[PDB]
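Participant: Take a look at the following structure, please.
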Amino acid sequence: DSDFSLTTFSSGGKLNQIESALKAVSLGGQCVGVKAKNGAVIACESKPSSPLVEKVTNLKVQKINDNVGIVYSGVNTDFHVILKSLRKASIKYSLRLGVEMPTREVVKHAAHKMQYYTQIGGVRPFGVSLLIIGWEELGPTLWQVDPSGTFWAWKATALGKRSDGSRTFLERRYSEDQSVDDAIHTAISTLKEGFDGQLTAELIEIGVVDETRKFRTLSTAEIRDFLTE
Amino acid sequence: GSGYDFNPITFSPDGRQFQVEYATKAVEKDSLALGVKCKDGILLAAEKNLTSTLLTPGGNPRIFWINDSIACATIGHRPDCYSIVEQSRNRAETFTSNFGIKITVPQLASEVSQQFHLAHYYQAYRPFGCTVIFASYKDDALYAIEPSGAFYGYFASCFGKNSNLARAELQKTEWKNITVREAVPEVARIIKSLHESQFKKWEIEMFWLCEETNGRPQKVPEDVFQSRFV
Amino acid sequence: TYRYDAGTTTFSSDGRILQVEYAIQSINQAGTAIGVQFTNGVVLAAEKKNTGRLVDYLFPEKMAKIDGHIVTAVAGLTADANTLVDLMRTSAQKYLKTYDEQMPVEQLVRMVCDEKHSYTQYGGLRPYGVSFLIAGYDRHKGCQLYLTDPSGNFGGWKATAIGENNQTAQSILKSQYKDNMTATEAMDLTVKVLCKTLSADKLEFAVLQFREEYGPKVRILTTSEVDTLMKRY
Amino acid sequence: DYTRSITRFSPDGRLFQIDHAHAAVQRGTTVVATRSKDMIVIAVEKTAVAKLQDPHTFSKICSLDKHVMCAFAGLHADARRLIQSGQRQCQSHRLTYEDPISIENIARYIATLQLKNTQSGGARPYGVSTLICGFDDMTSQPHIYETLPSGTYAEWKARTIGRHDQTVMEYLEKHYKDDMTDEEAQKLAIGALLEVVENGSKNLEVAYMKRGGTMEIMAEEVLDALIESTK
Amino acid sequence: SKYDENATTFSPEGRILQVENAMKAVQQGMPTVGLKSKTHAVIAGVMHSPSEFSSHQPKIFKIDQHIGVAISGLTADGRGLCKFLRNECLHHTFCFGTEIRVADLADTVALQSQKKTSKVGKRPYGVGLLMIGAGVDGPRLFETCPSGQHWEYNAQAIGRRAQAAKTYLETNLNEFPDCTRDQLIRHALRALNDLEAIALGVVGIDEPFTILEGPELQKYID
Amino acid sequence: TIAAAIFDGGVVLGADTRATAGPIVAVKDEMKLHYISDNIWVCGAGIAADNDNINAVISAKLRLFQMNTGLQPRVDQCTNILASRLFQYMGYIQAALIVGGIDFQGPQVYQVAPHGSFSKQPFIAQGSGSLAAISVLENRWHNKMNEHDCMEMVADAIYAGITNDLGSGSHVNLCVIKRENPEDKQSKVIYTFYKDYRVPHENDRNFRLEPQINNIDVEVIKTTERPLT
Amino acid sequence: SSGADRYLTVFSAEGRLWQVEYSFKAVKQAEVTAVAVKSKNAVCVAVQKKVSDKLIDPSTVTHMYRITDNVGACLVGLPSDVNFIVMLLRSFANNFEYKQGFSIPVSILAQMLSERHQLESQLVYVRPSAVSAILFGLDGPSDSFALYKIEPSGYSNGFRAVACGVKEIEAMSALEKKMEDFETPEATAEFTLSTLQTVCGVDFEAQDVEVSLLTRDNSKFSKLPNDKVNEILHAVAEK
Amino acid sequence: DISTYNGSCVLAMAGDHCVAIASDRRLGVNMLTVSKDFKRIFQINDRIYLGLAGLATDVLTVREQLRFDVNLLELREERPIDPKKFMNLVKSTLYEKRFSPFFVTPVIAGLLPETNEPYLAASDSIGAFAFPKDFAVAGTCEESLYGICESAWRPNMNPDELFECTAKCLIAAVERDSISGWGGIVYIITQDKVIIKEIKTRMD
Ligand SMILES: *C(=O)[C@H]1N[C@](C)(CO)[C@](C)([C@H](Cc2ccccc2)NC(=O)[C@H](Cc2c[nH]c3ccccc23)NC(=O)[C@H](Cc2c[nH]c3ccccc23)NC(=O)CCCCC)O[C@@H]1C
């Protein structure tokens with residue numbers, strides 16, 4: 001039979017498949033988030049497997065809806081599954097309620113899906129942690145959703161490779177009163193610390209929710225400008 | 001396989017599907033069956049090593065009807081052989097139901113390789129310990145599906161015990177340059193030469209789909225070829 | 001084949017569902033959640049799992065309002081806790097839809113506990129590694145506090161604690177909990193128990209309070225309110 | 001859906017999962033059911049409750065129906081599911097048959113739920129022994145069936161389940177009488193539990209169903225009076 | 001050994017060890033002999049005797065008016081297979097109004113057992129059948145195996161002691177085709193050494209399948 | 001009355017703004033032209049809820065399609081989805097739609113009948129005023145007409161339906177799907193929505209008794225006030 | 001710790017899907033290499049064609065497959081898995097054309113294959129399909145040649161040039177070292193076949209390689225006939 | 001008919017930063033007056049009220065399904081549902097039953113959260129929502145309300161004047177609808193308070 005949970009509690013009260021999925025996240029490419037006063041940023045290292053790869057065809061920084069965007073660290077394919085699920089959920093939310101799914105509701109839906117796959121049988125957890133940025137009534141909000149479906153808000157974060165050093169670097173360099181420009185610069189800097197070699201605009205993707213409340217993925221030109229500014 | 005050979009859907013660290021190749025070994029253990037695409041038709045011979053002399057001489061078919069124009073020689077796990085034969089008949093019947101036409105051996109081979117593949121692709125199934133050689137003279141097709149589901153069209157297919165020597169012998173004859181009637185002596189020669197003396201009573205179940213049968217799957221008449229051997 | 005099946009809904013030689021015991025351990029390694037039932041209401045106070053200077057305390061990680069009359073605190077996996085919170089909210093609203101009455105606290109507790117127990121007894125799926133302190137109000141039992149564990153076993157508590165150092169919190173509650181407490185007194189007791197068994201930012205609070213005219217109200221204290229409560233201590 | 005054979009025979013012919021469910025029952029608290037001609041008394045040991053635990057509406061005793069009392073020993077959630085099924089079944093019997101479900105019938109139903117869990121693939125056995133008691137009719141003799149995790153059920157003059165079942169059962173056998181009165185049955189149950197409770201007034205609760213009546217919890221004052229009379 | 005846990009697991013030598021275990025279950029059943037002539041088929045079986053005061057449990061069954069099966073192995077599996085065979089016979093009579101052929105019933109039994117081995121959770125039928133049927137295709141004897149394959153035999157012996165019966169059948173194999181119904185029953189009885197424990201179901205191109213036990217079989221015990 | 005024609009560089013959809021609750025005007029400023037995607041709009045006749053929901057559902061489907069696939073929704077794609085959906089309801093969803101849009105295949109106007117039939121036509125009129133509108137479209141539409149000529153023609157068709165059809169009335173809303181650069185056929189497909197493109201003055205309420213004579217005396221049995229909280 | 005991580009598609013203690021990587025190994029077990037080069041004017045996929053018997057009909061030993069009239073798929077890996085993914089891609093394209101009313105783009109088909117490989121790598125009861133799929137073809141909406149490569153993991157990416165099979169690493173290195181914005185479809189085909197010939201180390205004859213050169217003149221998928229392939233190989237040998 | 005089975009008369013109205021939503025109090029079984037205490041207007045939240053005109057059955061079914069939905073949405077989002085968002089919720093609830101429609105027509109009278117602007121949303125039984133800036137009408141008195149309000153409504157009615165027309169413009173409609181009436185109740189939602197005035201209509 002299939003429907004037995006392969007994510008189960010171990011003797012120490014630990015879901016070992018959850019820790020395995022978190023490990024998959026920790027080997028899944030550095031992604032950073034930075035909450036500005038007037039927005040939030042989700043940058044990420046997008047070093048293609050080869051230069052022949054077409055960057056736009058597989059982007060880690062993705063838009064869930066007009067106001068919510070998402071980046072991930074972990075398995076790209078089940079991130080795409082999570083992203084399709086979140087876009088579908090936000091479209092269903094707009095159909096039912098006439099507005100884009102709120103950032104926290106998108107985060108809760110991602111967390112619910114990940115938890116579901118942590119509990120149902122025949123499946124593994126999602127090997128992705130999501131940094132979802134979007135606005136709410138009280139301001140911009142960066143959220144992390146773990147393979148376990150546990151979500152929580154952040155001021156700044158890193159999820160993928162070398163994300164511990166990146167998170168320490170953000171602890172040292174992140175400030176509350178940053179602007180969206182300063183948040184983008186902080187995200188680029190965090191990626192640079194978490195990345196070896198020359199960190200160019202083509203090797204990173206930045207998504208931003210700015211004063212307008214709308215999520216936009218910065219093009220390579222905007223990323224170049226930020227790198228050179 | 002260090003544990004990678006119990007679940008069919010499990011890849012070996014080398015990418016091998018150990019259950020699938022164990023099914024292939026089940027195929028290799030079975031008596032050889034070979035199809036040859038001849039100019040007048042396609043001849044499916046199947047060596048039948050009668051374990052017991054009490055077996056009905058005109059029975060225990062290795063070659064089966066799939067259509068009015070498709071025959072299916074079988075090698076390997078006889079239960080799986082007949083399961084795949086019935087699933088190929090069902091696939092052809094469903095093909096006619098959906099499209100109103102008779103399935104072709106290449107298309108039947110694809111659809112039945114679908115089931116072969118499901119065996120080792122979704123869990124809870126067992127790989128089919130059988131190779132099925134679908135021959136159709138209407139299609140001029142001789143497609144063998146292996147236990148993995150890998151199906152290929154052949155000029156001369158052969159699977160089972162001594163199938164390598166049988167293939168080598170089949171290479172020596174340009175079957176498409178000879179008819180099924182004059183291919184029967186050559187195929188019988190090959191099977192007899194490669195036949196194991198461990199069995200004193202044995203048969204060569206020979207079907208052909210030819211102009212003589214109008215492409216129909218017909219067991220070769222005993223007058224044309226005496227399958228019985230002692 | 002069940003080669004890698006853990007037999008989650010399977011007894012052990014001791015008669016314990018090992019998965020449920022491990023879920024209980026997971027809870028005991030999670031942030032402390034204390035419930036204190038005072039004269040009219042209950043104070044729930046949980047330790048946020050995700051804290052730090054870089055964490056944004058926008059939402060209650062462990063506190064979840066189930067309905068106008070029921071609030072919950074979480075100990076253990078906040079994810080499956082959120083799943084059970086969604087189920088509890090839906091069950092409370094289904095009861096309201098069926099009866100036009102707020103779901104009695106014990107019934108909502110029984111519903112979430114039946115979900116947990118169904119996972120412990122059927123399906124071969126891992127149990128919900130969450131323990132709920134469900135504070136609530138209903139006209140039948142007044143203000144109530146229920147501790148529910150992954151087994152689906154729940155009990156009413158005047159005061160109780162789950163999560164990390166839950167035994168120390170329980171002992172402090174025994175020493176200092178008194179009946180007929182005021183909202184302020186119970187909030188002070190919960191803050192004292194949390195501090196003695198562990199920062200306002202890391203802590204989150206939720207007061208259920210029943211006023212005779214306004215009814216039962218759940219108020220999950222925000223960051224500033226919890227900071228004020230902590231500074232009062 | 002998950003359908004693993006959780007309960008299966010061991011080479012020695014035992015269903016080890018049923019044994020583990022019995023172990024769960026044993027780790028459950030002690031219940032004693034006793035019968036007088038016109039009364040049924042279920043005395044359950046309250047679990048050790050601190051000063052912080054609400055002692056009301058958490059007794060192991062339950063009413064499956066206006067004529068059927070139930071008490072359990074073992075996993076509280078398993079017993080909650082069993083009691084929910086039993087109450088649904090009592091109402092279903094009233095729906096299908098105007099008559100109230102006989103105590104034999106409802107005890108059979110609960111024991112058959114336990115049997116199904118020992119037979120259903122992917123279902124854990126109920127780690128619960130249930131003392132299901134009541135009166136079939138006004139003139140019917142009181143019945144006290146004990147249903148085990150194995151799904152076996154048997155009627156008893158007086159029975160105990162849970163921890164100390166050995167000791168409480170020995171007390172019942174030593175002190176049972178054929179024609180005990182209501183007071184005598186109450187005293188029998190109360191003393192049988194008193195032998196294995198640290199405190200008499202606190203750790204012990206009693207619920208009695210008289211003939212032509214519903215489940216009735218003992219008053220704390222009357223319970224204390226009976227406890228002191230026994231001692 | 002480690003490959004002998006499921007009917008779905010092939011062994012490294014391309015074998016389904018659980019299928020072979022069900023086969024061994026069949027081999028440990030009571031002796032069962034089948035014989036085929038040009039016009040009649042017979043299945044004689046030494047019905048099992050669990051105790052001296054237990055009537056021998058029937059093994060020669062009546063499936064169709066011209067088909068009968070001798071089940072050797074797990075009796076309950078044989079009875080489930082016989083219910084399946086009755087379903088197939090009923091559906092064939094419904095569809096075409098004629099009696100299904102024993103070859104078709106053997107094919108259906110083989111398919112059912114192969115399904116029991118091709119999916120996890122379901123187990124090979126511990127029972128092996130000797131199905132004799134005299135239809136339009138003539139008299140035909142089939143040994144259906146737990147693995148999900150059937151063999152058409154002129155004669156066959158299955159279960160315990162099957163080797164001696166098989167050798168006897170081989171000795172008189174070439175006699176059977178022209179042997180009379182009584183001669184075929186006598187051959188079956190000779191091949192199948194235990195009288196009361198021996199049932200014998202005989203079918204013919206004309207005569208339906210009928211079971212003879214003890215007294216009814218005395219005329220042929222010889 | 002809804003209509004939609006193709007001009008040289010795009011599509012002009014148009015609709016009246018009346019929704020009828022039987023013989024009574026339920027809505028006098030109803031929106032029947034609905035955004036499906038930046039390149040596709042759908043005007044709708046029939047049951048107002050049917051049109052609203054079918055248009056919202058297909059807009060959500062194509063928004064998901066564009067978010068996931070990154071591809072501009074096609075007018076024929078929108079029409080195919082609408083036709084399949086309306087066909088599976090066997091005409092129960094009474095939404096006689098006009099899908100006007102632009103994609104790589106230029107500007108296209110399709111009609112989708114409530115029963116799921118569809119058709120690409122240079123100009124279409126649907127609704128109770130479809131005949132009055134289609135007279136105007138027949139006598140005015142020509143190949144490669146310009147944006148303003150098609151705007152005036154479609155507005156005059158909607159106005160013909162408004163004037164002549166009782167089920168049509170109030171204002172003429174237009175939408176003009178075009179490309180931001182007429183010269184470039186790969187330029188972004190934009191839409192300009194002309195709310196109240198025509199507000200027929202003769203259809204305005206000419207008279208109003210401003211000192212409304214009223215002899216109904218309101219007697220209050222009970223007054224209870226509560227805070228708005 | 002149970003060994004599910006190494007036999008099923010669940011994460012190991014290192015957070016790796018061992019079965020997905022073993023399906024990569026199974027893809028390399030195809031013993032063939034495919035090199036696809038997508039220029040502005042054409043997309044040429046050349047996959048070396050190995051027939052193991054002289055008695056196998058070569059026309060049936062193929063790695064190029066028609067998914068739609070437009071979209072071609074060079075599938076490298078286990079022949080059973082290759083057939084399964086061919087029929088799965090064709091079913092995806094058919095369902096897309098039925099739901100959407102137009103032929104599936106290569107990008108959407110690649111995404112659907114990526115979703116299938118994600119459900120294989122997440123559903124423990126489904127094996128990762130050991131197929132590296134080079135989907136290619138002229139996307140009409142963009143009027144540009146799409147070239148996506150989907151790994152058995154489901155890792156789908158559009159490529160200016162990609163490789164799959166045994167020499168995927170060497171072929172990718174050669175592609176990213178010598179790639180150009182080739183002016184003509186003939187140039188694209190020459191580069192594709194030259195890269196494949198170099199990485200394989202064997203001078204190819206038309207029979208030994210299947211080439212699909214989708215140009216704007218011929219945007220429909222089709223394996224180039226052996227005469228055109230021979231002309232391309234001669235052009236490669238010309239320099 | 002089942003739409004006129006329970007005579008209904010709901011009338012929302014826009015004022016100056018204030019909405020009114022009035023309803024006849026009758027529960028009538030066709031021509032029989034069962035009650036004069038029927039509630040058709042329900043507070044959805046502090047600044048959203050829902051007047052459900054139609055089958056008392058469906059009035060309560062849709063009020064309680066919408067309460068279910070809004071309570072869940074406010075628990076999940078921890079904020080009150082917006083008048084537009086509640087309108088879309090009502091539209092979804094009514095179109096979910098498109099093939100078996102509720103026989104209730106909603107009238108949502110709210111104040112927009114920020115600008116306190118009046119928000120009227122009237123729909124048919126299946127969620128085809130109008131957003132009149134003047135007045136929304138529903139119930140068996142629909143045409144009567146349409147006429148009286150079309151003549152009577154004036155912009156920028158303060159809560160007193162808004163109540164006056166809600167009451168008068170509802171009294172005129174119910175007193176022409178035989179099956180609706182038997183008293184009225186007007187909820188005036190202003191920026192800071194809700195005034196629920198029970199108005200005397202004819203009781204015949
Ligand atoms: C030109 O020809 C115009 N004609 C009118 C009638 C538009 O006003 C239509 C056809 C229009 C389409 C439309 C599209 C989008 C929004 C609004 C309108 N149709 C209507 O307005 C329909 C007419 C109608 C009713 N029943 C059928 C059946 C088949 C075809 C057409 C119709 N009106 C409605 O749908 C009503 C709207 C309504 C009623 N009271 C309301 C209060 C508040 C808001 C809206 C309300 N609804 C009903 O009649 C109930 C239907 C229940 C079905 C179970 O548009 C073209 C352009």
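FYI, nothing fancy with the structure tokens labels: chains A, B, ... in order, residues from 1 per chain, ligands from 1 as they appear.
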What do you get as a VMD selection string if you pick all residues at most 7 Å from ligand 1, counting only C-alpha atoms and all ligand atoms?

Facilitator: (chain F and resid 1 to 2 15 to 22 26 to 27 30 to 32 44 to 49 51 to 52 94 126 to 130 161 165 167 to 168) or (chain H and resid 98 to 99 101 122 to 126 128 to 130)

Participant: For range 80-89 of chain E, list every protein, DNA or RNA residue within 8 Å, evaluated using only C-alpha atoms, and leave out those in the same chain fewer than 6 positions away; present the list as a VMD selection string.

Facilitator: chain E and resid 63 to 64 99 to 100 105 108 to 109

Participant: Can you spit out the residues from that selection as a JSON list (two decimals), in the first residue's frame, using N, CA and C atoms?

Facilitator:
```
[["chain", "number", "residue", "atom", "x", "y", "z"],
["E", 63, "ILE", "N", -18.39, -28.05, -12.05],
["E", 63, "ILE", "CA", -18.33, -26.64, -12.40],
["E", 63, "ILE", "C", -19.41, -26.32, -13.43],
["E", 64, "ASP", "N", -19.34, -26.97, -14.58],
["E", 64, "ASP", "CA", -20.28, -26.77, -15.67],
["E", 64, "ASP", "C", -20.81, -28.14, -16.07],
["E", 99, "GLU", "N", -22.18, -23.59, -23.38],
["E", 99, "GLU", "CA", -21.31, -23.85, -22.25],
["E", 99, "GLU", "C", -19.90, -23.38, -22.57],
["E", 100, "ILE", "N", -19.29, -22.66, -21.62],
["E", 100, "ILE", "CA", -17.92, -22.22, -21.80],
["E", 100, "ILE", "C", -17.02, -23.44, -21.94],
["E", 105, "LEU", "N", -12.07, -21.61, -19.36],
["E", 105, "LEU", "CA", -12.05, -21.55, -17.90],
["E", 105, "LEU", "C", -10.63, -21.66, -17.37],
["E", 108, "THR", "N", -9.08, -18.29, -17.82],
["E", 108, "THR", "CA", -9.54, -17.33, -16.82],
["E", 108, "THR", "C", -8.91, -17.61, -15.46],
["E", 109, "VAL", "N", -8.80, -18.88, -15.07],
["E", 109, "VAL", "CA", -8.16, -19.22, -13.80],
["E", 109, "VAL", "C", -6.69, -18.81, -13.82]]
```

Participant: Please provide as number ranges by chain all residues within 7 Å of residue 56 in chain C, with the sequence filter that same-chain residues fewer than 4 positions apart are discarded (counting only C-alpha atoms).

Facilitator: A: 153-155

Participant: Report the distance between CA of residue 202 in chain D and CA of residue 145 in chain D in Å, rounded to one decimal place.

Facilitator: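 Result for CA of residue 202 in chain D versus CA of residue 145 in chain D: 26.7 Å, one decimal.
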
Participant: Could you find all residues in range 29-115 of chain F that DSSP calls helix (DSSP H, G or I) from the backbone, and write them as an MDAnalysis selection string?

Facilitator: chainID F and resid 48:69 75:88

Participant: Report, in Å to a single decimal, how far apart CA of residue 57 in chain E and CA of residue 26 in chain E are.

Facilitator: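 Between CA of residue 26 in chain E and CA of residue 57 in chain E the gap is 15.7 Å.
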
Participant: Please return, as a PyMOL selection string, all residues of chain C lying within 8 Å of chain A when only C-alpha atoms are considered.

Facilitator: chain C and resi 1-2+4-8+19+21-27+29+50+53-59+61+77-80+82-83+123-127

Participant: Restricting it to N, CA and C atoms, dump the selection as a CSV table (one decimal), in the first residue's frame.

Facilitator:
```csv
chain,number,residue,atom,x,y,z
C,1,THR,N,4.2,-3.4,0.2
C,1,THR,CA,5.1,-4.3,0.9
C,1,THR,C,5.4,-3.9,2.3
C,2,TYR,N,5.2,-2.6,2.6
C,2,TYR,CA,5.4,-2.0,3.9
C,2,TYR,C,6.8,-2.2,4.5
C,4,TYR,N,9.3,-0.1,4.4
C,4,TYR,CA,9.7,1.1,5.1
C,4,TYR,C,8.5,1.8,5.9
C,5,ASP,N,7.4,1.1,5.9
C,5,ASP,CA,6.3,1.6,6.7
C,5,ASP,C,6.7,1.5,8.2
C,6,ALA,N,6.4,2.6,8.9
C,6,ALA,CA,6.7,2.7,10.3
C,6,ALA,C,5.6,2.2,11.2
C,7,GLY,N,4.5,1.8,10.7
C,7,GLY,CA,3.4,1.3,11.5
C,7,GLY,C,2.9,2.4,12.5
C,8,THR,N,2.7,3.6,12.0
C,8,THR,CA,2.3,4.7,12.9
C,8,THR,C,1.1,4.4,13.8
C,19,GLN,N,4.6,6.3,17.6
C,19,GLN,CA,4.5,7.5,16.9
C,19,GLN,C,3.9,8.6,17.8
C,21,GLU,N,4.0,8.6,21.1
C,21,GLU,CA,5.0,8.9,22.1
C,21,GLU,C,6.1,9.9,21.6
C,22,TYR,N,6.5,9.6,20.3
C,22,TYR,CA,7.5,10.5,19.7
C,22,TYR,C,7.0,11.9,19.4
C,23,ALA,N,5.7,11.9,19.1
C,23,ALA,CA,5.0,13.2,18.9
C,23,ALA,C,5.0,14.0,20.2
C,24,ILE,N,4.7,13.3,21.3
C,24,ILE,CA,4.7,13.9,22.6
C,24,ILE,C,6.1,14.4,23.0
C,25,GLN,N,7.2,13.6,22.6
C,25,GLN,CA,8.5,14.1,22.8
C,25,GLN,C,8.8,15.4,22.0
C,26,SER,N,8.4,15.4,20.7
C,26,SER,CA,8.5,16.5,19.9
C,26,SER,C,7.9,17.8,20.5
C,27,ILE,N,6.7,17.6,21.1
C,27,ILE,CA,6.0,18.7,21.8
C,27,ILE,C,6.9,19.1,23.0
C,29,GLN,N,9.9,19.1,23.3
C,29,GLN,CA,11.0,19.8,22.9
C,29,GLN,C,10.7,21.2,22.2
C,50,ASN,N,10.1,30.5,16.4
C,50,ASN,CA,11.0,31.2,15.5
C,50,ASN,C,11.2,32.6,16.0
C,53,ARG,N,16.8,38.4,16.4
C,53,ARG,CA,16.8,39.8,16.0
C,53,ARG,C,16.3,39.9,14.6
C,54,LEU,N,16.5,39.0,13.7
C,54,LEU,CA,16.2,39.0,12.3
C,54,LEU,C,14.8,38.5,12.1
C,55,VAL,N,14.1,37.9,13.0
C,55,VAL,CA,12.7,37.4,12.9
C,55,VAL,C,11.8,38.6,13.1
C,56,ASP,N,10.7,38.6,12.3
C,56,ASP,CA,9.6,39.6,12.4
C,56,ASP,C,8.4,39.0,13.1
C,57,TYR,N,8.1,39.6,14.2
C,57,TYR,CA,7.0,39.0,15.0
C,57,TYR,C,5.6,39.6,14.6
C,58,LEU,N,5.3,39.3,13.3
C,58,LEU,CA,4.0,39.9,12.8
C,58,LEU,C,2.8,39.1,13.2
C,59,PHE,N,2.9,37.8,13.3
C,59,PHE,CA,1.8,36.9,13.5
C,59,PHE,C,2.1,36.0,14.8
C,61,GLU,N,2.8,32.8,16.3
C,61,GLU,CA,3.2,31.4,15.8
C,61,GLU,C,2.4,30.3,16.4
C,77,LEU,N,4.9,20.9,16.6
C,77,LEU,CA,5.0,21.3,15.2
C,77,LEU,C,3.9,22.3,14.9
C,78,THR,N,4.3,23.5,14.6
C,78,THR,CA,3.4,24.6,14.3
C,78,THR,C,2.7,24.3,13.0
C,79,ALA,N,3.2,23.5,12.1
C,79,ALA,CA,2.6,23.2,10.8
C,79,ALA,C,1.3,22.4,11.0
C,80,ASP,N,1.5,21.2,11.5
C,80,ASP,CA,0.3,20.3,11.8
C,80,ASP,C,-0.6,21.0,12.8
C,82,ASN,N,-1.2,24.2,12.7
C,82,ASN,CA,-2.0,25.1,11.8
C,82,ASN,C,-3.0,24.3,11.1
C,83,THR,N,-2.7,23.1,10.7
C,83,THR,CA,-3.7,22.2,10.0
C,83,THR,C,-4.9,21.9,11.0
C,123,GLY,N,-5.0,4.6,9.1
C,123,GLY,CA,-4.4,5.3,8.0
C,123,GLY,C,-2.9,5.1,7.9
C,124,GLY,N,-2.2,4.7,8.9
C,124,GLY,CA,-0.8,4.5,8.8
C,124,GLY,C,-0.1,5.8,8.6
C,125,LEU,N,-0.7,7.0,8.9
C,125,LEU,CA,0.0,8.3,8.8
C,125,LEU,C,0.5,8.8,10.1
C,126,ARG,N,1.5,9.6,10.1
C,126,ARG,CA,2.1,10.1,11.3
C,126,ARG,C,1.0,10.9,12.1
C,127,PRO,N,1.0,10.8,13.4
C,127,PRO,CA,0.1,11.6,14.2
C,127,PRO,C,0.5,13.1,14.2
```

Participant: Using only C-alpha atoms, what table do you get, as a tab-separated table, when you list each residue of chain F with an atom no more than 7 Å from chain H, its nearest pair of atoms, and their distance in Å rounded to one decimal, rows by chain then rising number?

Facilitator:
```
residue	atom	partner	partner_atom	distance
F:27	CA	H:130	CA	6.0
F:30	CA	H:130	CA	6.8
F:48	CA	H:128	CA	5.4
F:49	CA	H:128	CA	4.0
F:212	CA	H:152	CA	6.6
F:216	CA	H:168	CA	6.0
F:218	CA	H:168	CA	6.3
F:219	CA	H:200	CA	5.1
F:220	CA	H:199	CA	4.3
F:221	CA	H:198	CA	5.1
F:222	CA	H:198	CA	4.9
F:223	CA	H:197	CA	4.2
F:224	CA	H:196	CA	5.2
F:225	CA	H:195	CA	4.3
F:226	CA	H:194	CA	5.3
F:227	CA	H:193	CA	4.4
F:228	CA	H:193	CA	4.5
F:229	CA	H:46	CA	5.1
```

Participant: Quick check, in Å to one decimal: how far apart do CA of residue 188 in chain A and CA of residue 22 in chain A lie?

Facilitator: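 Here the two named atoms are 23.4 Å from each other.
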
Participant: Could you please select, counting only C-alpha atoms, the residues of chain D within 9 Å of chain A and state them as an mmCIF file with C-alpha atoms, in the first residue's frame?

Facilitator:
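The new file out_25.cif reads:
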```cif
data_model
loop_
_atom_site.group_PDB
_atom_site.id
_atom_site.type_symbol
_atom_site.label_atom_id
_atom_site.label_comp_id
_atom_site.auth_asym_id
_atom_site.auth_seq_id
_atom_site.Cartn_x
_atom_site.Cartn_y
_atom_site.Cartn_z
ATOM 1 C CA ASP D 1 -6.173 3.736 1.565
ATOM 2 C CA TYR D 2 -3.844 2.262 4.178
ATOM 3 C CA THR D 3 -4.792 -1.367 4.769
ATOM 4 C CA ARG D 4 -1.758 -2.966 6.419
#
```

Participant: Between F:137, F:112, F:67, F:162, which is the closest to residue 203 in chain F once you count only C-alpha atoms?

Facilitator: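 Residue with the minimum atom-to-atom distance to residue 203 in chain F: F:162.
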